[PDB]
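Engineer: Got a structure for you, data.pdb, holding PDB, C-alpha atoms and all ligand atoms.
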MODEL        1
ATOM      1  CA  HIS H   6       6.813 -45.776 -17.803
ATOM      2  CA  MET H   7       6.697 -46.409 -21.559
ATOM      3  CA  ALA H   8       6.011 -49.874 -22.885
ATOM      4  CA  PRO H   9       8.896 -51.048 -25.128
ATOM      5  CA  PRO H  10       8.492 -52.276 -28.725
ATOM      6  CA  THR H  11       8.631 -55.977 -27.784
ATOM      7  CA  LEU H  12       5.761 -55.495 -25.341
ATOM      8  CA  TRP H  13       3.633 -53.820 -28.006
ATOM      9  CA  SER H  14       4.535 -56.700 -30.364
ATOM     10  CA  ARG H  15       2.601 -59.058 -28.079
ATOM     11  CA  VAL H  16      -0.623 -57.171 -28.907
ATOM     12  CA  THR H  17      -2.169 -59.030 -31.825
ATOM     13  CA  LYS H  18      -5.259 -58.441 -33.920
ATOM     14  CA  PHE H  19      -7.814 -61.161 -33.189
ATOM     15  CA  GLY H  20     -11.469 -61.497 -34.067
ATOM     16  CA  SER H  21     -13.361 -58.248 -33.494
ATOM     17  CA  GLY H  22     -10.574 -56.970 -31.259
ATOM     18  CA  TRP H  23      -7.153 -57.934 -29.969
ATOM     19  CA  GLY H  24      -5.306 -60.367 -27.774
ATOM     20  CA  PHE H  25      -1.973 -60.596 -26.024
ATOM     21  CA  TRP H  26       0.887 -63.143 -26.075
ATOM     22  CA  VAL H  27       1.878 -63.786 -22.447
ATOM     23  CA  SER H  28       4.455 -66.357 -23.575
ATOM     24  CA  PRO H  29       5.315 -68.355 -26.702
ATOM     25  CA  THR H  30       2.267 -70.607 -26.149
ATOM     26  CA  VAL H  31      -0.193 -68.525 -24.072
ATOM     27  CA  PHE H  32      -2.550 -65.953 -25.619
ATOM     28  CA  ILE H  33      -5.187 -64.018 -23.661
ATOM     29  CA  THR H  34      -8.149 -62.059 -24.987
ATOM     30  CA  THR H  35     -11.668 -60.937 -24.139
ATOM     31  CA  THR H  36     -14.271 -63.636 -24.694
ATOM     32  CA  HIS H  37     -16.752 -61.627 -26.756
ATOM     33  CA  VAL H  38     -14.146 -60.777 -29.441
ATOM     34  CA  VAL H  39     -13.190 -64.442 -30.055
ATOM     35  CA  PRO H  40     -14.408 -65.707 -33.460
ATOM     36  CA  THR H  41     -17.149 -68.321 -33.417
ATOM     37  CA  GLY H  42     -17.825 -70.804 -36.160
ATOM     38  CA  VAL H  43     -14.134 -71.486 -36.796
ATOM     39  CA  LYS H  44     -12.151 -74.720 -36.690
ATOM     40  CA  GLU H  45      -8.763 -73.165 -35.896
ATOM     41  CA  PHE H  46      -6.998 -70.180 -34.361
ATOM     42  CA  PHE H  47      -3.722 -68.989 -35.904
ATOM     43  CA  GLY H  48      -3.873 -72.110 -38.071
ATOM     44  CA  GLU H  49      -4.007 -74.543 -35.129
ATOM     45  CA  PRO H  50      -7.038 -76.864 -34.793
ATOM     46  CA  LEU H  51      -9.139 -76.210 -31.708
ATOM     47  CA  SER H  52      -8.520 -79.670 -30.284
ATOM     48  CA  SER H  53      -4.773 -78.817 -30.174
ATOM     49  CA  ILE H  54      -5.486 -75.820 -27.929
ATOM     50  CA  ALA H  55      -6.355 -75.740 -24.239
ATOM     51  CA  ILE H  56      -9.080 -73.069 -24.153
ATOM     52  CA  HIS H  57      -9.986 -71.654 -20.717
ATOM     53  CA  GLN H  58     -12.881 -69.185 -20.672
ATOM     54  CA  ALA H  59     -13.958 -67.633 -17.376
ATOM     55  CA  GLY H  60     -16.564 -64.997 -18.084
ATOM     56  CA  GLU H  61     -15.037 -62.352 -20.325
ATOM     57  CA  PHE H  62     -11.485 -63.658 -19.782
ATOM     58  CA  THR H  63     -10.243 -66.171 -22.384
ATOM     59  CA  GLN H  64      -6.846 -67.894 -22.314
ATOM     60  CA  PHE H  65      -5.487 -70.126 -25.075
ATOM     61  CA  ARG H  66      -2.562 -72.486 -24.476
ATOM     62  CA  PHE H  67      -1.305 -73.801 -27.807
ATOM     63  CA  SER H  68       0.472 -77.124 -28.284
ATOM     64  CA  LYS H  69       3.238 -75.568 -30.357
ATOM     65  CA  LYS H  70       5.363 -72.495 -29.863
ATOM     66  CA  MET H  71       3.539 -69.714 -31.673
ATOM     67  CA  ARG H  72       5.777 -66.847 -30.544
ATOM     68  CA  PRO H  73       9.116 -68.499 -29.750
ATOM     69  CA  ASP H  74      10.747 -65.065 -29.974
ATOM     70  CA  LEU H  75       9.097 -64.036 -26.669
ATOM     71  CA  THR H  76      10.037 -64.670 -23.077
ATOM     72  CA  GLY H  77       7.267 -65.552 -20.698
ATOM     73  CA  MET H  78       5.906 -62.711 -18.617
ATOM     74  CA  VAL H  79       3.780 -62.613 -15.476
ATOM     75  CA  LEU H  80      -0.022 -62.615 -15.746
ATOM     76  CA  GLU H  81      -1.767 -61.634 -12.505
ATOM     77  CA  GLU H  82      -5.444 -61.372 -11.536
ATOM     78  CA  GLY H  83      -5.879 -57.635 -11.650
ATOM     79  CA  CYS H  84      -3.717 -55.295  -9.602
ATOM     80  CA  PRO H  85      -3.899 -53.510  -6.242
ATOM     81  CA  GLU H  86      -6.358 -50.669  -5.924
ATOM     82  CA  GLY H  87      -4.752 -47.412  -6.973
ATOM     83  CA  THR H  88      -2.200 -48.946  -9.340
ATOM     84  CA  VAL H  89      -1.714 -46.916 -12.498
ATOM     85  CA  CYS H  90      -1.799 -49.246 -15.478
ATOM     86  CA  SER H  91      -1.320 -48.666 -19.175
ATOM     87  CA  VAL H  92      -3.894 -50.047 -21.600
ATOM     88  CA  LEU H  93      -1.889 -50.927 -24.730
ATOM     89  CA  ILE H  94      -4.448 -50.012 -27.364
ATOM     90  CA  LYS H  95      -3.612 -50.685 -30.985
ATOM     91  CA  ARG H  96      -5.945 -49.207 -33.559
ATOM     92  CA  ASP H  97      -6.762 -50.838 -36.883
ATOM     93  CA  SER H  98      -4.685 -48.134 -38.654
ATOM     94  CA  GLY H  99      -1.572 -49.217 -36.735
ATOM     95  CA  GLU H 100      -1.686 -46.286 -34.306
ATOM     96  CA  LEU H 101      -0.558 -46.967 -30.738
ATOM     97  CA  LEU H 102      -2.602 -45.325 -28.001
ATOM     98  CA  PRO H 103      -1.345 -46.216 -24.539
ATOM     99  CA  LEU H 104      -3.945 -45.014 -22.045
ATOM    100  CA  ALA H 105      -3.177 -44.418 -18.372
ATOM    101  CA  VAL H 106      -5.820 -45.816 -15.999
ATOM    102  CA  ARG H 107      -5.926 -45.708 -12.200
ATOM    103  CA  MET H 108      -7.320 -49.066 -11.203
ATOM    104  CA  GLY H 109     -10.116 -49.690  -8.759
ATOM    105  CA  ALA H 110     -12.030 -52.586  -7.298
ATOM    106  CA  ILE H 111     -12.111 -56.161  -8.525
ATOM    107  CA  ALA H 112     -15.735 -57.295  -8.645
ATOM    108  CA  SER H 113     -18.405 -59.187 -10.571
ATOM    109  CA  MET H 114     -20.303 -56.339 -12.286
ATOM    110  CA  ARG H 115     -23.408 -56.397 -14.461
ATOM    111  CA  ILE H 116     -22.542 -55.046 -17.910
ATOM    112  CA  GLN H 117     -24.887 -55.250 -20.917
ATOM    113  CA  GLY H 118     -27.018 -57.890 -19.230
ATOM    114  CA  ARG H 119     -24.299 -60.225 -17.989
ATOM    115  CA  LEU H 120     -22.195 -60.582 -14.880
ATOM    116  CA  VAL H 121     -18.522 -59.857 -15.683
ATOM    117  CA  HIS H 122     -15.617 -60.587 -13.335
ATOM    118  CA  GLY H 123     -13.226 -57.712 -13.835
ATOM    119  CA  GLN H 124     -11.578 -54.606 -12.475
ATOM    120  CA  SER H 125     -12.803 -51.079 -13.113
ATOM    121  CA  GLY H 126     -10.544 -48.070 -13.455
ATOM    122  CA  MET H 127     -10.535 -44.340 -14.158
ATOM    123  CA  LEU H 128      -8.956 -43.041 -17.339
ATOM    124  CA  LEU H 129      -6.374 -40.402 -16.526
ATOM    125  CA  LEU H 139      -8.943 -39.767 -26.076
ATOM    126  CA  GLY H 140     -10.562 -42.917 -24.704
ATOM    127  CA  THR H 141     -11.503 -46.454 -25.715
ATOM    128  CA  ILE H 142     -13.762 -47.253 -28.670
ATOM    129  CA  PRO H 143     -15.465 -50.199 -30.341
ATOM    130  CA  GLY H 144     -12.750 -52.445 -31.680
ATOM    131  CA  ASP H 145     -10.374 -51.996 -28.720
ATOM    132  CA  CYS H 146     -11.453 -54.998 -26.667
ATOM    133  CA  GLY H 147      -8.734 -57.472 -25.766
ATOM    134  CA  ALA H 148      -6.063 -54.791 -25.346
ATOM    135  CA  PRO H 149      -3.884 -55.626 -22.325
ATOM    136  CA  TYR H 150      -3.744 -53.745 -19.037
ATOM    137  CA  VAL H 151      -0.100 -53.701 -17.953
ATOM    138  CA  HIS H 152       2.048 -52.120 -15.309
ATOM    139  CA  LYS H 153       5.738 -52.017 -14.552
ATOM    140  CA  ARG H 154       7.102 -53.861 -11.515
ATOM    141  CA  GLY H 155      10.761 -53.103 -11.063
ATOM    142  CA  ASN H 156      12.409 -53.677 -14.424
ATOM    143  CA  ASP H 157       9.678 -55.997 -15.733
ATOM    144  CA  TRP H 158       6.171 -55.532 -17.048
ATOM    145  CA  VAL H 159       3.178 -57.480 -15.720
ATOM    146  CA  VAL H 160      -0.148 -58.050 -17.491
ATOM    147  CA  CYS H 161      -3.278 -58.141 -15.370
ATOM    148  CA  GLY H 162      -6.380 -57.831 -17.563
ATOM    149  CA  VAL H 163      -7.839 -57.438 -21.048
ATOM    150  CA  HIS H 164     -10.072 -54.558 -22.122
ATOM    151  CA  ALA H 165     -13.795 -55.386 -21.976
ATOM    152  CA  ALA H 166     -16.059 -52.369 -21.448
ATOM    153  CA  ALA H 167     -16.447 -48.708 -20.625
ATOM    154  CA  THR H 168     -19.071 -46.229 -19.588
ATOM    155  CA  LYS H 169     -20.837 -44.253 -22.302
ATOM    156  CA  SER H 170     -18.909 -41.176 -21.120
ATOM    157  CA  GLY H 171     -15.679 -43.187 -21.445
ATOM    158  CA  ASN H 172     -14.209 -42.077 -18.088
ATOM    159  CA  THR H 173     -14.550 -45.522 -16.435
ATOM    160  CA  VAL H 174     -13.113 -48.623 -18.121
ATOM    161  CA  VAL H 175     -13.267 -52.303 -17.199
ATOM    162  CA  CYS H 176     -10.774 -55.069 -17.881
ATOM    163  CA  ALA H 177     -11.708 -58.685 -17.564
ATOM    164  CA  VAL H 178      -9.418 -60.591 -15.204
ATOM    165  CA  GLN H 179      -8.702 -64.229 -14.503
ATOM    166  CA  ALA H 180     -11.149 -66.052 -12.275
ATOM    167  CA  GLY H 181     -10.320 -66.187  -8.603
ATOM    168  CA  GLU H 182     -11.679 -65.008  -5.295
ATOM    169  CA  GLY H 183      -9.645 -63.552  -2.495
ATOM    170  CA  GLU H 184      -9.658 -61.072   0.281
ATOM    171  CA  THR H 185      -8.913 -57.965  -1.828
ATOM    172  CA  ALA H 186     -11.792 -58.485  -4.273
ATOM    173  CA  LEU H 187     -15.459 -57.745  -3.684
ATOM    174  CA  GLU H 188     -17.530 -60.905  -3.129
TER     175      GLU H 188
HETATM  176  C1  LIG H 201     -14.907 -53.807 -27.024
HETATM  177  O1  LIG H 201     -15.609 -54.787 -27.703
HETATM  178  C2  LIG H 201     -15.885 -52.804 -26.508
HETATM  179  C3  LIG H 201     -15.174 -51.598 -25.981
HETATM  180  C4  LIG H 201     -16.108 -50.429 -25.487
HETATM  181  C5  LIG H 201     -16.998 -49.915 -26.584
HETATM  182  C6  LIG H 201     -17.224 -48.454 -26.192
HETATM  183  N1  LIG H 201     -16.061 -48.076 -25.378
HETATM  184  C7  LIG H 201     -15.370 -49.256 -24.969
HETATM  185  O2  LIG H 201     -14.377 -49.229 -24.286
HETATM  186  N2  LIG H 201     -16.706 -53.390 -25.464
HETATM  187  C8  LIG H 201     -18.127 -53.371 -25.500
HETATM  188  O3  LIG H 201     -18.735 -52.863 -26.425
HETATM  189  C9  LIG H 201     -18.820 -53.999 -24.366
HETATM  190  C10 LIG H 201     -19.180 -55.408 -24.753
HETATM  191  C11 LIG H 201     -19.833 -56.325 -23.694
HETATM  192  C12 LIG H 201     -18.980 -56.429 -22.467
HETATM  193  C13 LIG H 201     -19.560 -57.352 -21.454
HETATM  194  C14 LIG H 201     -19.787 -58.703 -22.081
HETATM  195  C15 LIG H 201     -20.623 -58.654 -23.299
HETATM  196  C16 LIG H 201     -20.101 -57.658 -24.306
HETATM  197  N3  LIG H 201     -20.032 -53.291 -24.101
HETATM  198  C17 LIG H 201     -19.901 -52.051 -23.332
HETATM  199  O4  LIG H 201     -18.814 -51.535 -23.048
HETATM  200  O5  LIG H 201     -21.081 -51.347 -23.230
HETATM  201  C18 LIG H 201     -21.122 -50.054 -22.713
HETATM  202  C19 LIG H 201     -21.337 -48.974 -23.735
HETATM  203  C20 LIG H 201     -20.390 -47.985 -23.881
HETATM  204  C21 LIG H 201     -20.569 -46.994 -24.841
HETATM  205  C22 LIG H 201     -21.718 -46.992 -25.643
HETATM  206  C23 LIG H 201     -22.671 -47.974 -25.490
HETATM  207  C24 LIG H 201     -22.487 -48.975 -24.537
ENDMDL
END
For the file at hand, write its structure as C-alpha cells.
Structural biologist:
Amino acid sequence: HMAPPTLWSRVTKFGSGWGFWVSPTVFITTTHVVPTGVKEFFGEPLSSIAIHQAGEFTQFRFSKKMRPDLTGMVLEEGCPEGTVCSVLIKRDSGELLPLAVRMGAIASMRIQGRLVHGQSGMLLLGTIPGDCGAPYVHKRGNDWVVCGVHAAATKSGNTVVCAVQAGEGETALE
C-alpha cells in the first residue's frame, strides 16, 4: 500500500522534527521535538490550544480550523502485533522516505534515561536525527489509520520505536 499525496500533506515540519494533522484541528507529534520557550504554535497562542502530553506522545487540539482542507482520520493506540506499518518520513530536502516496519509489542521502555510508552518494530535506509514525529500509518480497508509518532531507534537502526497515546489494556505489556 502506497500512501496518497493528501496523506503525506498531513506530515508537517515542526520544531526539531515533524508532526501530523489527524484532522483540521488535531496535530500529533513527539514530545521532545516540540519547541520550548515559545508563546504560540502555528501562530495560535498556547492558551487557545488544548495540549495533551503523555510521555513522548503530544497532541494539540486547536481552537480554530488549521487544516480545513482535511477530513478527520482515525488515530489508534498502536496496532496489533505483526501489523506492517509505513513510517511516513519526510526529509528536510523534501524527499519522501516511506519505511516499512513490522510492529511489535506495546510497552513502557527505558530509552535514553526515561520511560517511554510506545511500540517497537522491525524495519523491513533507516531513520536518522531529524525524523522524529513522523507518523506510523497502516491501511484498513480503503482508509488509512495513524497509530504512533516516530521517537527512537537502536544504534544499528533495525529496531524503531513510535510513541503512542496513553492507555493500558490487555494487549500491551504492563
Ligand atoms: C528523533 O529525534 C530521533 C530519531 C533517532 C535518532 C537516530 N535514529 C532515530 O531513529 N530520536 C532520538 O534521538 C531519541 C530521542 C529520545 C527518545 C526518548 C525520549 C527522549 C529523547 N534518542 C534515541 O533514539 O537514542 C538512541 C540512539 C540511536 C542512535 C545513536 C545514538 C542513540
Engineer: Using only C-alpha atoms and all ligand atoms, find each residue with an atom at most 8 Å away from ligand LIG 201 (chain H) and format the answer as a ChimeraX atom specification.
Structural biologist: /H:21-22,36-38,61,116-121,140-147,164-171,174-175
Engineer: I need the residues from that last selection saved to file as a PDB file, keeping the file's coordinate frame (with C-alpha atoms), if you can.
Structural biologist:
ATOM      1  CA  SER H  21     -13.361 -58.248 -33.494  1.00  0.00           C
ATOM      2  CA  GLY H  22     -10.574 -56.970 -31.259  1.00  0.00           C
ATOM      3  CA  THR H  36     -14.271 -63.636 -24.694  1.00  0.00           C
ATOM      4  CA  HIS H  37     -16.752 -61.627 -26.756  1.00  0.00           C
ATOM      5  CA  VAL H  38     -14.146 -60.777 -29.441  1.00  0.00           C
ATOM      6  CA  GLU H  61     -15.037 -62.352 -20.325  1.00  0.00           C
ATOM      7  CA  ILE H 116     -22.542 -55.046 -17.910  1.00  0.00           C
ATOM      8  CA  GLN H 117     -24.887 -55.250 -20.917  1.00  0.00           C
ATOM      9  CA  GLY H 118     -27.018 -57.890 -19.230  1.00  0.00           C
ATOM     10  CA  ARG H 119     -24.299 -60.225 -17.989  1.00  0.00           C
ATOM     11  CA  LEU H 120     -22.195 -60.582 -14.880  1.00  0.00           C
ATOM     12  CA  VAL H 121     -18.522 -59.857 -15.683  1.00  0.00           C
ATOM     13  CA  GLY H 140     -10.562 -42.917 -24.704  1.00  0.00           C
ATOM     14  CA  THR H 141     -11.503 -46.454 -25.715  1.00  0.00           C
ATOM     15  CA  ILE H 142     -13.762 -47.253 -28.670  1.00  0.00           C
ATOM     16  CA  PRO H 143     -15.465 -50.199 -30.341  1.00  0.00           C
ATOM     17  CA  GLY H 144     -12.750 -52.445 -31.680  1.00  0.00           C
ATOM     18  CA  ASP H 145     -10.374 -51.996 -28.720  1.00  0.00           C
ATOM     19  CA  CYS H 146     -11.453 -54.998 -26.667  1.00  0.00           C
ATOM     20  CA  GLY H 147      -8.734 -57.472 -25.766  1.00  0.00           C
ATOM     21  CA  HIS H 164     -10.072 -54.558 -22.122  1.00  0.00           C
ATOM     22  CA  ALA H 165     -13.795 -55.386 -21.976  1.00  0.00           C
ATOM     23  CA  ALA H 166     -16.059 -52.369 -21.448  1.00  0.00           C
ATOM     24  CA  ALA H 167     -16.447 -48.708 -20.625  1.00  0.00           C
ATOM     25  CA  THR H 168     -19.071 -46.229 -19.588  1.00  0.00           C
ATOM     26  CA  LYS H 169     -20.837 -44.253 -22.302  1.00  0.00           C
ATOM     27  CA  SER H 170     -18.909 -41.176 -21.120  1.00  0.00           C
ATOM     28  CA  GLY H 171     -15.679 -43.187 -21.445  1.00  0.00           C
ATOM     29  CA  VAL H 174     -13.113 -48.623 -18.121  1.00  0.00           C
ATOM     30  CA  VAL H 175     -13.267 -52.303 -17.199  1.00  0.00           C
TER      31      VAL H 175
END
Engineer: So, counting all atoms listed in the file, which residue among H:32, H:13, H:158, H:19 is closest to residue 63 (chain H)?
Structural biologist: H:32
Engineer: May I have the residues at most 7 Å from (-1.0, -61.4, -25.7) in the file's coordinates, counting all atoms listed in the file, as a VMD selection string?
Structural biologist: chain H and resid 15 to 17 24 to 27 32 to 33
Engineer: To one decimal place in Å, what is the distance between CA of residue 139 (chain H) and CA of residue 105 (chain H)?
Structural biologist: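 Value for the CA of residue 139 (chain H)-CA of residue 105 (chain H) distance: 10.7 Å.
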Engineer: Between CA of residue 60 (chain H) and CA of residue 30 (chain H), what is the distance in Å, rounded to a tenth?
Structural biologist: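 Result for CA of residue 60 (chain H) versus CA of residue 30 (chain H): 21.2 Å, one decimal.
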Engineer: Kindly resolve the PyMOL selection byres (((chain H and resi 109) around 9) and not hetatm) on the present coordinates and return the residues as a ChimeraX atom specification.
Structural biologist: /H:84-88,107-108,110-111,124-127
Engineer: Would you pick out the contacts of residue 148 (chain H) at 6 Å or less, using all atoms listed in the file, so that residues sharing its chain but fewer than 6 positions from it are not included, and give the list as a PyMOL selection string?
Structural biologist: chain H and resi 23+93-94+163-164
Engineer: In Å to one decimal, how far is CA of residue 104 (chain H) from CA of residue 74 (chain H)?
Structural biologist: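 Distance reported for this atom pair: 26.1 Å.
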Engineer: When the PyMOL selection byres (((chain H and resi 59) around 10) and not hetatm) is applied to the file above, which residues end up in the set, as a PyMOL selection string?
Structural biologist: chain H and resi 35-36+56-58+60-64+121-122+177-181
Engineer: So that I can check the surroundings of residue 92 (chain H), please list as a list in words every protein, DNA and RNA residue that reaches within 6 Å of it, counting all atoms listed in the file and ignoring chain neighbours fewer than 6 positions away.
Structural biologist: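 Close residues of residue 92 (chain H): residues 103, 104, 149 and 150 of chain H.
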Engineer: Would you mind telling me which residue in H:186, H:50, H:14, H:100 lies nearest to residue 113 (chain H) when using all atoms listed in the file?
Structural biologist: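 Nearest candidate to residue 113 (chain H) out of H:186, H:50, H:14, H:100: H:186.
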Engineer: May I ask which of the residues H:20, H:9, H:99, H:155 is the closest one to residue 34 (chain H), counting all atoms listed in the file?
Structural biologist: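 Ranking H:20, H:9, H:99, H:155 by distance to residue 34 (chain H), first place goes to H:20.
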Engineer: Using all atoms listed in the file, determine which residues lie at most 12 Å from residue 154 (chain H), disregarding the query and same-chain residues fewer than 4 positions distant; provide the list as a PDB file with C-alpha atoms, keeping the file's coordinate frame.
Structural biologist:
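The file below, result.pdb, is the result:
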ATOM      1  CA  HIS H   6       6.813 -45.776 -17.803  1.00  0.00           C
ATOM      2  CA  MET H  78       5.906 -62.711 -18.617  1.00  0.00           C
ATOM      3  CA  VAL H  79       3.780 -62.613 -15.476  1.00  0.00           C
ATOM      4  CA  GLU H  81      -1.767 -61.634 -12.505  1.00  0.00           C
ATOM      5  CA  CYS H  84      -3.717 -55.295  -9.602  1.00  0.00           C
ATOM      6  CA  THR H  88      -2.200 -48.946  -9.340  1.00  0.00           C
ATOM      7  CA  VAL H  89      -1.714 -46.916 -12.498  1.00  0.00           C
ATOM      8  CA  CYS H  90      -1.799 -49.246 -15.478  1.00  0.00           C
ATOM      9  CA  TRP H 158       6.171 -55.532 -17.048  1.00  0.00           C
ATOM     10  CA  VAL H 159       3.178 -57.480 -15.720  1.00  0.00           C
ATOM     11  CA  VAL H 160      -0.148 -58.050 -17.491  1.00  0.00           C
ATOM     12  CA  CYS H 161      -3.278 -58.141 -15.370  1.00  0.00           C
TER      13      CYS H 161
END
Engineer: Return the single residue from H:41, H:173, H:28, H:52 that is closest to residue 77 (chain H), with distances computed using only C-alpha atoms.
Structural biologist: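 Closest to residue 77 (chain H) of all the choices is H:28.
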Engineer: Restricting the calculation to only C-alpha atoms: of H:7, H:128, H:176, H:80, which residue gets closest to residue 31 (chain H)?
Structural biologist: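 Looking only at the distances to residue 31 (chain H), the closest residue turns out to be H:80.
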Engineer: Would you pick out the contacts of residue 67 (chain H) at 8 Å or less, using all atoms listed in the file, so that residues sharing its chain but fewer than 4 positions from it are not included, and give the list as a PDB file with C-alpha atoms, in the coordinates of the input?
Structural biologist:
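Output below, filename out25.pdb:
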ATOM      1  CA  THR H  30       2.267 -70.607 -26.149  1.00  0.00           C
ATOM      2  CA  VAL H  31      -0.193 -68.525 -24.072  1.00  0.00           C
ATOM      3  CA  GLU H  49      -4.007 -74.543 -35.129  1.00  0.00           C
ATOM      4  CA  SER H  53      -4.773 -78.817 -30.174  1.00  0.00           C
ATOM      5  CA  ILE H  54      -5.486 -75.820 -27.929  1.00  0.00           C
ATOM      6  CA  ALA H  55      -6.355 -75.740 -24.239  1.00  0.00           C
ATOM      7  CA  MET H  71       3.539 -69.714 -31.673  1.00  0.00           C
TER       8      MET H  71
END
Engineer: Of the residues H:91, H:11, H:106, H:112, which is the one nearest to residue 184 (chain H), using all atoms listed in the file?
Structural biologist: H:112
